[PDB]
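K.L.:
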Amino acid sequence: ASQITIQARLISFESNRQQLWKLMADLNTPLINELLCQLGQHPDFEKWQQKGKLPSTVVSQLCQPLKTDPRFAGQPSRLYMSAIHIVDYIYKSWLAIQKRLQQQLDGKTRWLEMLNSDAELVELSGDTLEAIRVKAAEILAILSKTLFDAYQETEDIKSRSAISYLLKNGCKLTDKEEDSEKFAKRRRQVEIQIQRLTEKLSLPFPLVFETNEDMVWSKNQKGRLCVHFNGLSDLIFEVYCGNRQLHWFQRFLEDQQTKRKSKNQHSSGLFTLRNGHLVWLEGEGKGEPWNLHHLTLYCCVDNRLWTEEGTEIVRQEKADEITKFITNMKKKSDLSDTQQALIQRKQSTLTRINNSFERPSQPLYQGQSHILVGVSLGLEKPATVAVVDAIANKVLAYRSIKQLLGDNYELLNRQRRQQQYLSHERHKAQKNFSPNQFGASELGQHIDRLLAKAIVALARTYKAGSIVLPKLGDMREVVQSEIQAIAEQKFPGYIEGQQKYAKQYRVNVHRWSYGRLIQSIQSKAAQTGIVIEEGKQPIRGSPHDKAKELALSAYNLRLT
RNA sequence: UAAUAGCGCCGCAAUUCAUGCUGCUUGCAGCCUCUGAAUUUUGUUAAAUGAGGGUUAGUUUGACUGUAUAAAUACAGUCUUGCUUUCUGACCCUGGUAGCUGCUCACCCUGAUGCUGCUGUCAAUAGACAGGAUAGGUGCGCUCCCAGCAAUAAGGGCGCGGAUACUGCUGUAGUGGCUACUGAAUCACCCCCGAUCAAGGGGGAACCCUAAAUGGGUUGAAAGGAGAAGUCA
DNA sequence: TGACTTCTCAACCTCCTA
DNA sequence: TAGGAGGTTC
């Protein structure tokens, strides 16, 4: 899985864009709005929230009686299926948050009604917690996924209270056979949250085209690349890309022509194009929306398919997941009419997958993960690295933040200054204020990408097999402890001065964005081929020592 | 006149070290000369930082094929489109006229993450006019500090009216926001005519090659994953 | 507004036209 | 015969 997206503006006639704006802003988004509302008031909605799996076909079923509606008609099949898909996945994320809120409220009402304190536990249930806690401990600690699911399932007052007590007490050899505070705070926090939940119980949507061939490519008489989409072939758009992204688009036309010249003996499905959104960006100025906003294509390209050697890897992934799909469907005896069509399409792909298109030749680097580049995140130094051997105990080479961001350091300093300025402005914004993006930029993202590129390049230089990153959850405790450590480093025991310096430090050296950095490193390493493991950053020590010990802890846990 | 102190940065040291340097002794010995790391420690007649607002489908970071090359990388060949960004420059500016609106003010007192703070010129009024990013303080900034103002922090006091949730003492008066039209730059060696849902076309200069031929070249660089939704603050 | 979190990332088989 | 648009699916 190395999916990446390229983009290119689409230029066409005004009449060619008035059709696309009206078709989408007036008919396709309202279909998504109505499909979202209907999926919410569906009777089975609370059944879905209990699970994480909205049914495969439900969003489609609510759309078939909606395609013929007076206000949702005239949409191309791809436009309709895109809207359905939009409702499934846009409303997917929507109802995911929905069942978080709705089902959390339901559980809080329920836990409030059932879970109780130690005193009420003794009064109603009255079971000795040590005995049942130790029994459950010897049941689970002595595939524990089944046991954790069982804990997730047990809801009776005594059973849920005792199993949660065992889970939160350490579920292990703890000499303190105490702390009814576990389910006490459980019920208390539940009551507070149920109180809260009792009190509180201009751009159209994109066009996801899940089929690669729904975009048909052609070369203009001037040599420019052109696109027209399935369902709208009278609408022709010209690809205004950049030369860096051009070799993808020339690959699209070449790949499509190659399938044509073989009389569809080639499997679109090894295409370097997987799908493509068709969004409208936002323009500055005035005017009818089609003349202001720039239509933009967002093609998702599996970068692994570019090389011929990489294609065989994809050729092996699909030929394995699909031959399993066949066997999974071959055990059933239902033998539906259109089901056998689906069965038919599968063996068609297997036969069509062994016909190779011309792709470049690359000896994909083989990575031995024994080397462990360890990356340490903090406040004073935003990020430091340590290339350390694990079989030995020597550090091959450290690099600090001033040394990974070559010529990008002034960027870090001015980004810290900007993050100070923007935070002061947001605090000054109070509750009533104009939009707070005034003066904001994506300098933080540029730095979080420059840093990931350098870290991965350093890993590749030393043949590193893995890059180790701190768990993002432990990034508030770590920064708080680093502030404390700096405080006692400056003021030894003068507590007043320590607090004052902590305040003044938080004023200037703001918290970094340790989510975009971990995500950008995950993207870059995955693109290059370096697997990423996660360890536990040590609480104290010098940043270089913290990085080295993180890297070693990662290997120690890998040994398990 | 004053900016003390604090806090963050950035050098500059100084020391200790290796991820260095050096030596083979090949994992030890030195060394700090570069490169870093880690302290602390100054703010030099200075080193490096450096935050008023804007302007380019700017340039550079590119693809394929071949060669050298294990690779990188180099070189040659062929192609080239303008996306979204981060810088570095260069340049422009310190806006106007119209409307529509928001807030805040009887009067005190403290003083906020409050506002203001440039150079001349003419006043010395409170404002012009010229300049203009060097712009109160420190090497450089700050919510810190200094100076004025402070009704537009919050709190306290407290006069008269009307009401008996709260009002009035309030002038565009001061500061905001919005829209519409306008002012300048509209760029990447420079200049001119143009495109800007598309368009480039010309004309110079320096330099290099070349004696010399708009003969050719060259006249800043980098990075990519985008959409949607929800939650927290 | 910032920060976080979740999700998204087809494909050949038809029938139709030229 | 060679595309274009629709169809359907866990």
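Numbering (the entry's author numbering), first residue to last: 1 to 142, 174 to 232, 278 to 636. Don't be surprised by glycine CBs; every beta carbon is placed ideally from N, CA and C.
Can you check which of these residues, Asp621, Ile594 and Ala535, is closest to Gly605 by C-alpha distance?
P.N.:
Here residue 605 refers to the residue found at position 529 of the first sequence. When each option's Cα is compared against that of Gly605, the closest is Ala535.
K.L.:
What whole-angstrom Cβ distance do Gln574 and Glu564 have, given they're in contact under 8 Å?
P.N.:
The sequence position of residue 574 within the first sequence is 498, counting from 1. The sequence position of residue 564 within the first sequence is 488, counting from 1. Going by Cβ atoms, the distance from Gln574 to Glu564 rounds to 6 Å, so yes, they are a contact pair.
K.L.:
Going by beta carbon distance, what residues of the same chain come within less than 6 Å of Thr185, once the five residues before and after it are set aside?
P.N.:
The count along the first sequence starts at 1 and reaches residue 185 at position 154. Cβ neighbours of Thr185 beyond the five flanking positions: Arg191 and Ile194.
K.L.:
Label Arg217 either buried or exposed according to how many other C-beta atoms from any shown protein chain fall within 10 Å of its C-beta, with 16 as the threshold for buried.
P.N.:
Translated into positions along the first sequence, residue 217 becomes position 186. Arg217 is buried by the Cβ-count criterion.
K.L.:
Do three or more CB pairs link the segment 363-372 to the segment 13-29 at distances below 8 Å?
P.N.:
Touching, yes.
K.L.:
Is it right to say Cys37 is buried, meaning 16 or more other beta carbons lie within 10 angstroms of its own, or is it exposed?
P.N.:
The residue you call residue 37 lines up with position 37 of the first sequence. Flag for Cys37 reads exposed.
K.L.:
Out of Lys394, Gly482 and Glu222, which has the shortest C-alpha to C-alpha gap to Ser117?
P.N.:
Locating residue 117 in the first sequence gives position 117, counting from the first residue. Per the Cα distances, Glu222.
K.L.:
Where in the segment 349-415 do unbroken runs of the alpha helix (DSSP H), each at least 4 residues long, occur, reported from the N-terminal end onward?
P.N.:
Listed in chain order, the complete alpha helix (DSSP H) runs (minimum 4 residues) inside the segment 349-415 are 365-368 and 384-406.
K.L.:
Who pairs with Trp293 in a beta bridge, going by DSSP?
P.N.:
Taking the first sequence and counting its residues from 1, the one referred to as residue 293 is at position 217. In DSSP, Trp293 forms a bridge with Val303.
K.L.:
Is the segment 527-545 touching the segment 471-485, taking contact as three or more C-beta pairs under 8 Å?
P.N.:
Short answer: they touch.
K.L.:
Would you mind stating whether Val377 and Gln3 have Cβ atoms separated by less than 9 Å?
P.N.:
Position 301 of the first sequence, counted from the start, is the residue given in the question as residue 377. Position 3 of the first sequence, counted from the start, is the residue given in the question as residue 3. For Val377 and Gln3, yes; Cβs fall inside 9 Å.
K.L.:
In whole angstroms, what separates the C-alpha of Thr68 from that of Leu228?
P.N.:
Locating residue 68 in the first sequence gives position 68, counting from the first residue. Locating residue 228 in the first sequence gives position 197, counting from the first residue. Cα-Cα distance, rounded: 39 Å.
K.L.:
Between the alpha carbons of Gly549 and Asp331, how many angstroms are there, rounded?
P.N.:
As a first step, residue 549 is located in the first sequence; it is residue number 473 there, counting from the start. As a first step, residue 331 is located in the first sequence; it is residue number 255 there, counting from the start. Rounded to the nearest angstrom, the two C-alpha atoms are 44 Å apart.
K.L.:
Give me the Cα-Cα distance between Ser432 and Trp588, rounded to the nearest whole angstrom.
P.N.:
Translated into the one-based positions of the first sequence, residue 432 becomes position 356. Translated into the one-based positions of the first sequence, residue 588 becomes position 512. Between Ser432 and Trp588, the C-alpha separation is close to 47 Å.
K.L.:
Whose C-beta lies closer than 6 Å to the C-beta of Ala505 among residues of the same chain, with five residues either side of it excluded?
P.N.:
Walking along the first sequence from the start, residue 505 turns up at place 429. So the list reads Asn512, once near-sequence residues are dropped.
K.L.:
If you scan the segment 44-113 from start to end, which runs of the alpha helix (DSSP H) of 4 or more residues do you find wholly inside it?
P.N.:
Taking only runs of at least 4 residues, the alpha helix (DSSP H) segments lying wholly in the segment 44-113 are 45-50, 58-61 and 64-67.
K.L.:
Between the alpha carbons of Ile32 and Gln41, how many angstroms are there, rounded?
P.N.:
For the purposes of this step, residue 32 is taken as residue 32 along the first sequence, with counting starting at 1. For the purposes of this step, residue 41 is taken as residue 41 along the first sequence, with counting starting at 1. Their Cα atoms are separated by approximately 15 Å.
K.L.:
Roughly how many whole angstroms lie between the Cα atoms of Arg133 and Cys202?
P.N.:
In the first sequence, the residue the question calls residue 133 occupies position 133. In the first sequence, the residue the question calls residue 202 occupies position 171. Approximately 8 Å between the Cα atoms of the pair.
K.L.:
Identify whether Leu487 lies in helix, strand or coil by the three-state DSSP scheme.
P.N.:
Residue numbering aside, residue 487 sits at position 411 when the first sequence is read from its first letter. Note: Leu487 maps to helix in three-state DSSP.
K.L.:
To which residues of the same chain is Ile615 closer than 6 Å at the C-beta, ignoring the five residues directly before and after it?
P.N.:
Here residue 615 corresponds to residue number 539 of the first sequence, with the count starting at 1. Around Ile615: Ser557.
K.L.:
What are the uninterrupted segments assigned as beta strand (DSSP E) that are 3 or more residues long and contained completely in the segment 427-511, given in chain order?
P.N.:
You should have 448-453, 459-464 and 471-475.
K.L.:
If we call anything under 9 Å between Cβ atoms a contact, is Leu27 one with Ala73?
P.N.:
If you number the first sequence from 1, residue 27 lands on position 27. If you number the first sequence from 1, residue 73 lands on position 73. Yes, they are a contact pair.
K.L.:
I need the straight-line Cα distance from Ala623 to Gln61, nearest angstrom please.
P.N.:
Here the question's residue 623 lines up with position 547 in the first sequence. Here the question's residue 61 lines up with position 61 in the first sequence. So the alpha carbons of these two residues sit roughly 53 Å apart.
K.L.:
Specify, as a first and last residue, the run of the beta strand (DSSP E) that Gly611 falls within.
P.N.:
Translated into positions along the first sequence, residue 611 becomes position 535. Where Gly611 is concerned, the enclosing beta strand (DSSP E) stretches over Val607 to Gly611.
K.L.:
Going by the DSSP bridge assignment, what does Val583 pair with across the sheet?
P.N.:
Position 507 of the first sequence, counted from the first residue, corresponds to residue 583. According to DSSP, which records beta bridges pairwise, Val583 is partnered with nothing at all.
K.L.:
To the nearest angstrom, how far is it from the Cα of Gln444 to the Cα of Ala630?
P.N.:
In the first sequence, counting from the first residue as 1, residue 444 sits at position 368. In the first sequence, counting from the first residue as 1, residue 630 sits at position 554. Straight-line Cα distance between these residues: approximately 15 Å.
K.L.:
With contact counted as at least three CB pairs below 8 Å, one residue from each stretch, are the segment 299-317 and the segment 388-402 in contact?
P.N.:
Judged by Cβ distances under 8 Å, the segment 299-317 makes no contact with the segment 388-402, as fewer than three pairs qualify.
K.L.:
Could you pull out every residue in the same chain whose Cβ sits closer than 8 Å to the Cβ of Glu34, ignoring the five residues on either side in sequence?
P.N.:
Counting from one through the first sequence, the residue named residue 34 turns up at place 34. Cβ neighbours of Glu34 beyond the five flanking positions: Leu66 and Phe72.
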